[PDB]
Amino acid sequence: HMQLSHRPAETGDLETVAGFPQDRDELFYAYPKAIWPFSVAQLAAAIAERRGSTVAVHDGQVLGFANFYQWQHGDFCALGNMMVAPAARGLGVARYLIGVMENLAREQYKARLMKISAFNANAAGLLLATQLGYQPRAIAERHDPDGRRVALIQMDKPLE
Ligand SMILES: O=C(N[C@H](CO)[C@H](O)c1ccc([N+](=O)[O-])cc1)C(Cl)Cl
Ligand SMILES: O=C(N[C@H](CO)[C@H](O)c1ccc([N+](=O)[O-])cc1)C(Cl)Cl
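Residues numbered from 1 in each chain as written, not as in the entry; some residues may be left out. Chains lettered and ligands numbered in written order. Heavy atoms only, no water. Residues with missing side-chain atoms left out of burial classes, pairs and counts.

This entry, as listed in the PDB, derives from X-ray crystallography and reports a resolution of 1.25 Å.

Going by the PDB entry, the protein carries the name GNAT superfamily acetyltransferase PA4794 and comes from Pseudomonas aeruginosa.

Q: What am I meant to see in helix α5 (residues 123–131) here?
A: An α-helix turns once every 3.6 residues. As a result, residues three or four positions apart point the same way. For α5, every residue scored as buried is listed here: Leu 126, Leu 128 and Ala 129. The buried residues of α5 all sit within an arc of 165° when viewed along its axis, so they share a single face. Turned more than 90 degrees away from the buried face of α5, the exposed residues are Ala 124, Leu 127 and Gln 131. With its phi angle positive at about 100°, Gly 133 sits one or two positions after the end of α5. (Buried < 20%, exposed > 50% of the residue type's maximum accessible area, 1.4 Å probe, protein only. Helix = DSSP H or I, 4+ residues; strand = E, 2+ residues; numbered from the N terminus. Arc of directions from axis to C-beta.)

Q: I keep staring at the site of ligand 1 and nothing clicks. Help me out?
A: Taken together, 14 residues sit near ligand 1, with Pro 21, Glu 26, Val 84, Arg 89 and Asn 122 positioned nearest. A distance of 3.1 Å is found between an oxygen atom of ligand 1 and a side-chain nitrogen or oxygen belonging to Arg 89. The site holding ligand 1 turns out to be the largest pocket. Of the residues in the shell around ligand 1, the class split is ten nonpolar, two polar and two charged. (Near = heavy atom within 4 Å. Polar contact = N/O pair within 3.5 Å; in protein donor to acceptor, adjacent residues only side chain to side chain. 1 Å grid on protein atoms, 1.4 Å probe; cavity = no way out; pocket = protein on both sides within 12 Å on 5 of 7 lines; lining within 4 Å. Sits in = over half its atoms within 2 Å of the grid points. Nonpolar A, V, L, I, M, F, W, Y, C, P; charged D, E, K, R; others polar.)

Q: I'm lost on the site of ligand 2 in this one. Help?
A: Lining the immediate surroundings of ligand 2 are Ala 41, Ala 44, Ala 45 and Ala 48. Between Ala 41 and ligand 2, the recorded distance is 3.5 Å, taken from a backbone N or O atom to a nitrogen atom. Coverage of ligand 2 by the protein chains reaches 25% of its 460 Å² of free accessible surface. The residue inventory of the shell around ligand 2, partitioned by class, reads four nonpolar, no polar and no charged. (Areas by Shrake-Rupley, 256 points an atom, 1.4 Å probe, with all protein chains shown as cover.)

Q: What is the right way to read the side chain of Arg 50 from this model?
A: With respect to the helices, strands and loops of the structure, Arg 50 is situated in the loop between α3 (40–49) and β2 (51–58). Buried and unpaired, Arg 50 has no salt bridge, with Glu 49 as the nearest side chain of opposite charge at 5.4 Å. A distance of 3.0 Å separates a polar atom in the side chain of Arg 50 from a polar atom in the side chain of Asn 67. Ignoring any residue separated from it by four or fewer positions in sequence, one finds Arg 50 in contact with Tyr 31, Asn 67, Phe 68, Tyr 69, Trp 71, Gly 80 and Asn 81. (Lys, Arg positive; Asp, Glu negative; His and termini not counted. Salt bridge = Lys/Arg side-chain N within 4 Å of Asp/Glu carboxyl O. Contact = heavy atoms within 4.5 Å.)

Q: Mind showing me how you'd approach the pattern of salt bridges here?
A: Pairing between side chains of opposite charge can happen when the charged atoms of each approach one another. One pass over the structure, following the stated rule, counts seven salt bridges. A salt bridge links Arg 137 to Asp 156; the shortest N-O distance between them is 2.9 Å. Here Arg 137, found in strand β6 (residues 135–143), pairs with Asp 156, found in strand β7 (residues 149–158); they are 19 residues apart in sequence, far enough to count as distant. Of the charged contacts in the structure, one is a salt bridge between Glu 141 and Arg 149, with a shortest N-O distance of 3.0 Å.

Q: Sorry, what's going on with the pairing of strand β4 (residues 76–84) here?
A: Along any regular strand, the residues point their side chains to alternate faces of the sheet. Burial within β4 is extensive, with eight of its nine residues counted as buried. Of the strand pairs in this sheet, strand β3 (residues 61–72) and β4 are connected by seven bridges, and their pairing is antiparallel. In the strand pairing of β4, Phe 68 is matched with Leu 79. Judged from the three bridges that link them, β4 and strand β5 (residues 113–119) form a sheet pairing that is parallel. Bridging from a neighbouring strand, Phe 76 pairs with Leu 113 of β5. What joins β4 to β5 is helix α4 (residues 93–109), and the crossover it makes is right-handed. (Pairing = 2+ DSSP bridges. Right-handed = clockwise from strand over helix to strand, strands pointing away.)

Right, here's the structure in full:
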């Protein structure tokens, strides 16, 4: 069914990926420093600052995007910017990309651990990470775009 492949993100993918977040909450979950409306320029700025920007493809469509927020050779990487096409939610795209990013963290960065953090309102992300073997380690206070306090739940998982 949902055959998925991956490759590094390319300039040609920017518009498509920038179309993924459907509301301010979704943008905040994936890219908390971004400002709504999202734009190719904001996506390109993240890609420049980060590593490992990767897309997931199915039936000739880019359906997902992720990168590393943090990377420390021999130590850990932290997942960032997970976005999924609105017509492909709940089909395994985020799960698939997390596995790809785990492999890349192991292979390229010799990471022993992957970190995933999710904002408290992002139930789906918390639950998916839990399904994939991530455990919560800490909770940090953050603020949303309206200045309201939110909880960032910081999870991790050993790699192999
Ligand atoms: O789909 C969600 N969260 C997933 C969990 O894997 C992920 O955090 C995500 C965030 C933003 C997004 N987007 O804006 O396209 C897509 C997936 C919630 Cl918005 Cl319901
Ligand atoms: O700054 C630029 N490129 C960098 C890489 O050198 C990166 O691609 C980027 C693009 C857009 C951007 N932005 O508009 O915020 C920031 C960085 C060009 Cl606009 Cl000159």
